[PDB]
Number of protein chains: 2
Amino acid sequence: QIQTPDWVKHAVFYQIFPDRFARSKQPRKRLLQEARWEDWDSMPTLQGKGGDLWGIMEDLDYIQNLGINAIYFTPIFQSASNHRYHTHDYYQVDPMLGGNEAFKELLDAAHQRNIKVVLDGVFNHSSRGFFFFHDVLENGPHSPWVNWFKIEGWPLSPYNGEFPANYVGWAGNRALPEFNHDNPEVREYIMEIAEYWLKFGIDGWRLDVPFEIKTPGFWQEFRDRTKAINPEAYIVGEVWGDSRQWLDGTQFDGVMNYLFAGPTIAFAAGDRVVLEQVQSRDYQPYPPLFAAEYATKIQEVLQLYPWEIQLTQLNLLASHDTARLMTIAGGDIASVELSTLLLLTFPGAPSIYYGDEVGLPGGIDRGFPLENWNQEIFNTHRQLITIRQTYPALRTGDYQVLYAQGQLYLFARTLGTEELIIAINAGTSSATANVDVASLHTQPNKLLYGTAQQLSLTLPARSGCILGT
Amino acid sequence: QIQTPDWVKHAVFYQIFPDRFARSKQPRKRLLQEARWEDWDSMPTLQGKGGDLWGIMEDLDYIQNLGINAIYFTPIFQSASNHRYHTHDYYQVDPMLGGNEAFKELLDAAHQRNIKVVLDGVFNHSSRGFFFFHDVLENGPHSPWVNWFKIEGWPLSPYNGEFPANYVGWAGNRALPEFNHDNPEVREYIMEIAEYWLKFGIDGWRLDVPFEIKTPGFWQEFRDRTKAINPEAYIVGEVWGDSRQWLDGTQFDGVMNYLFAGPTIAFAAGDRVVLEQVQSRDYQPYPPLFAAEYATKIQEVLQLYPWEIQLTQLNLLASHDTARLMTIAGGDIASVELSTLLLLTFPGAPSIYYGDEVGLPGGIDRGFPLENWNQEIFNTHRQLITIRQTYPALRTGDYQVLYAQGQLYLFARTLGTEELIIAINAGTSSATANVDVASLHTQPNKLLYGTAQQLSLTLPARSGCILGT
């Protein structure tokens, strides 16, 4: 029977790019932990400004105060500088980020505050330094691990672009050599990595481009071993698109729901979306949508997966891969507030991208959020998160479209007695809706957010509200 | 005040090339420890014959029975296949050898039997996969570790021999990129590696080509930190030649005494040395020596270093780097027995190269000794080791040349009351010596080995003996 972690159904996730989050407020002995202070100046690399895991641990005050109870990262394992997606050693948190020691301290500091931590697993490819590929570059045909990868001919040309690489790399890039997952050895190796970190204490896995590993039975085994070590462990696939193939209950607990992000932005932002700023590969926040259109595709999205899994989906509006919220919408604040509102009132776990909560800009490849806040946008986030953690219906309640006409959208979230009405007016003019709400046994008349069985609801332009009771 | 480990002064060392020592007598789950047996056949690399650390642990019976009480290895850290001297990760025992787990079991099994273990430290250079060099190959000029190595210009050509590497490699080889030890960071990194394994439990360090690291103060610091973790830890430099520079008491406890090996072989083997089989870079077992000549250069070698250090020298007759004993002497058994005799009766710790003890051949680049023994040569070894562990004088006693004329050599080892006379007749004919031995207070007349104050000693051709009392 389909079962997903319960803590996830009630969590608020917060995606961090550690390299560019926060510096520690203290001089840190990263890498060379034994080095004495007198030598500090002699050591240029240690002495002299990127973000690290110390930093995040130090800013747990801020993160918790925002209302966050679970942070998940981009890839943090040892890898070359500015290339965290080209794994060198999966068993080691990168030295510059503070290594396993710094990670262990952050991990404990988080758990002490009851904040979960999920890591990114880049298992489709590694790097040219990854040990077993290293052995292949050194021994060629004689290397015993040739069959661990996808070699096409000899000789290989790892670094000289003037000659054919002769081995398959992600997106045709030599620095991203792919794994031969069909090989039961490669598979066993991936599984053992997954198990290790769960034993270490992480609260589960983000899966990078998991749809590339096509070996049948691969992800069910992944789920089996994973849950074996931690039955409450959260397995999220980063998949852009219909993810039914992996959401049958035997693989992931959910995916990063870009199917939610596209329509939500296309409706809240409308024709204000800055096209040259949309990572069209991930989501489609265009063409602009009218209330009735947002309503049908949203319901279509809500009946795509089993309800238990829908509740553990990772809803988002941005990621390391896309532009920030303020940027995708040409600085239109209302687009941010309206979008965030739909995000924090959607069934499934919400995910806030670090920086968005302070109105920080960001195109498709900026950081250090705690360094000019957009107070308004910040308050919208904190307040909405408090409200989501205050009413169970907003987390695991059902979802009912009440009204969707023109540019005005109304739906209700209900759990037992609790009934909440959420309204969105994406239009440039004030609007009112007359609705026959006989599906509700109460009459939500109290404003829990914003300003505003027969109901007459009037909303100001580009505004949303939450009605309680 | 100069002080070296005491256990070393009474140990008998046994040099092993793990890859080619012994296979485990059991199917082993190296690398993928979690893999289930049903998959064994699906895993070609695991299922299908090199030596490993399991194997050595299983053959501790044999090693201890030989009389060995300390084994030291060639490089065993993670590295490409057939290239153990090109380190990939210093913090990991190579997967194929059984990893840290297998090493941990061998380490404990040895210590339970009171047998020490010394590892080889290759700190002058690493490999192209070594993480920080990896970062340099990936980021070039922008890599933050450029100054960790010896880059000469851009761009670098790591694997394409048709273009200049542009970075310094050991002996001009690109696969062996050198470290910039002058960099206090590189140095701190080396030191931390050294400390780690000592904390792990190893009984000290063999230092590979340490004379290449010229940074002043480097080896004194190495000694300081090392002994800090384990005051009884054995620091041996692999240096071929006058090692006074490093044997002043602030650096090594001793070196692999090739200054002993050269003359010893040149005398015991004489013109039977097979020139095309001598690694002339390490030692010079030519031209052949007459007794009187062996005597003067041996005394010259015995007054080269402080006595406390001479007692912890690692005397040997062969290494991974040279030809085996049976091979260097054209299969002349007497050369082996005579040489081994001089080795086991010399002041300082003796080192036996695995295979030599069974007459195994070996040119300058064969293994698996426990697989046709030369019983005679084996008995000579075991017996001589038993005799060395039986009389303290043979270990830490003084050294006095009694007679050296023609092809007949006599010396005594004395400790307190104990006085031992060792005789060598390298000649092809029977010989007798008349000596005035007034330096001794006893008259050694008992044969403890071999067949034979005024003394008349007669020795058969190509033979040696030990006289007790």
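Here Cβ is always computed from backbone atoms with ideal geometry, including for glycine, and neighbour counts include all displayed protein chains. What is reported rests on the model, the rules as stated and the sources as named; these are not laboratory values.
Taking the condition of being away from every other protein chain (no Cβ under 11 Å), over 15 Å from A:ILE202 (Cβ atoms), among the hydroxyl-bearing types (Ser, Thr, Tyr) and assigned to a loop (DSSP other than H, G, I, E, B), how many residues in the range A:54-103 meet it? Result for the range A:54-103: 1. Only one of the numbered conditions (1) of a type in the set (A, V, I, L, M, F, W, C); (2) within 14 Å of another protein chain (Cβ to nearest Cβ); (3) in a helix (DSSP H, G or I) is violated by A:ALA110, and that is (2). Got a number for residues in the range B:456-469 being farther than 13 Å from B:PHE411 by Cα, out of contact with any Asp or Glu (no Cβ under 8 Å at 6 or more places or on another chain) and surrounded by fewer than 19 Cβ atoms within 10 Å (Cβ to Cβ)? Adding up the residues that qualify gives 4. If I filter the range A:308-330 for residues that are farther than 28 Å from A:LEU360 by Cα and not aliphatic (A, V, I, L, M), do I get at least one hit? Scanning the range A:308-330 turns up at least one residue that is farther than 28 Å from A:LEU360 by Cα and not aliphatic (A, V, I, L, M). Of the residues in the range B:161-177, not one is in the same structural domain as B:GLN92 (by CATH), over 22 Å from B:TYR85 (Cα atoms) and under 20 Å from the mean Cα position of the chain (by Cα). Being of a type outside the set (D, E, K, R), closer than 24 Å to A:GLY254 by Cβ and part of a loop (DSSP other than H, G, I, E, B) is the filter here; which residues of the range A:324-368 pass it? Selection gives A:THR345, A:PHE346, A:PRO347, A:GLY348, A:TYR354, A:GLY355.
Take the residues in the range A:303-358 that are polar (S, T, N, Q) and touching a strand residue (DSSP E or B) at 6+ places or on another chain (Cβ under 7 Å), then tell me which one is surrounded by the most Cβ atoms within 10 Å (Cβ to Cβ).
Residues of the range A:303-358 polar (S, T, N, Q): A:303, A:310, A:312-313, A:315, A:319, A:322, A:327, A:335, A:339-340, A:345, A:351.
Cutting the leftovers down to touching a strand residue (DSSP E or B) at 6+ places or on another chain (Cβ under 7 Å) gives us A:312-313, A:315, A:319, A:345, A:351.
Values: A:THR312: 26, A:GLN313: 31, A:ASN315: 24, A:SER319: 22, A:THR345: 26, A:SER351: 27.
Once the filter is applied, the top-ranked residue is A:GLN313.
Only one of B:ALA438, B:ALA433, B:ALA452 is surrounded by fewer than 21 Cβ atoms within 10 Å (Cβ to Cβ), among the hydrophobic types (A, V, I, L, M, F, W, C) and in contact with a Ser or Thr (Cβ under 7 Å, 6 or more places away or on another chain). Can you tell me which? It is B:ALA452. Just a yes or no: is a residue in the range A:159-168 over 28 Å from B:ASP39 (Cα atoms) and in contact with a strand residue (DSSP E or B) (Cβ under 6 Å, 6 or more places away or on another chain)? No, the range A:159-168 has no match at all. Has the range A:373-383 got at least one residue that is of a type in the set (A, V, I, L, M) and touching a strand residue (DSSP E or B) at 6+ places or on another chain (Cβ under 9 Å)? No: the range A:373-383 contains no residue that is of a type in the set (A, V, I, L, M) and touching a strand residue (DSSP E or B) at 6+ places or on another chain (Cβ under 9 Å). Number of residues in the range B:150-175 that are within 9 Å of another protein chain (Cβ to nearest Cβ) and under 17 Å from B:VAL209 (Cα atoms) equals 1.
Does A:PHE252 fit the bill of being more than 14 Å from every other protein chain (Cβ to nearest Cβ) and either under 21 Å from A:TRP7 (Cβ atoms) or among the small types (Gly, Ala, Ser) (or both)? Please lay out each step first, then the result.
On the way: more than 14 Å from every other protein chain (Cβ to nearest Cβ): yes; either under 21 Å from A:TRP7 (Cβ atoms) or among the small types (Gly, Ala, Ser) (or both): yes.
Yes, satisfied.
Once the range B:1-19 is narrowed to residues that are part of a helix (DSSP H, G or I) and within 17 Å of B:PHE103 (Cβ to Cβ), the residue that is nearest to the other protein chains (Cβ to nearest Cβ) is B:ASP19. Of all residues assigned to the range A:139-148, none qualifies as being surrounded by 19 or more Cβ atoms within 10 Å (Cβ to Cβ), part of a helix (DSSP H, G or I) and facing another protein chain (nearest Cβ under 8 Å). Residues of the range B:293-323 that are in a helix (DSSP H, G or I) and closer than 28 Å to B:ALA433 by Cβ: B:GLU293, B:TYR294, B:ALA295, B:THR296, B:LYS297, B:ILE298, B:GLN299, B:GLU300, B:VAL301, B:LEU302, B:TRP307, B:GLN310. The residues on offer are B:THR264, B:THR215, and the sole one that is more than 21 Å from the chain's Cα centre (by Cα) and among the polar types (S, T, N, Q) is B:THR215. For the range B:26-45, the candidate set comprises residues that are facing chain A (nearest Cβ under 7 Å) and assigned to a loop (DSSP other than H, G, I, E, B); within that set, the residue that is nearest to A:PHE132 (Cα to Cα) is B:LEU32.
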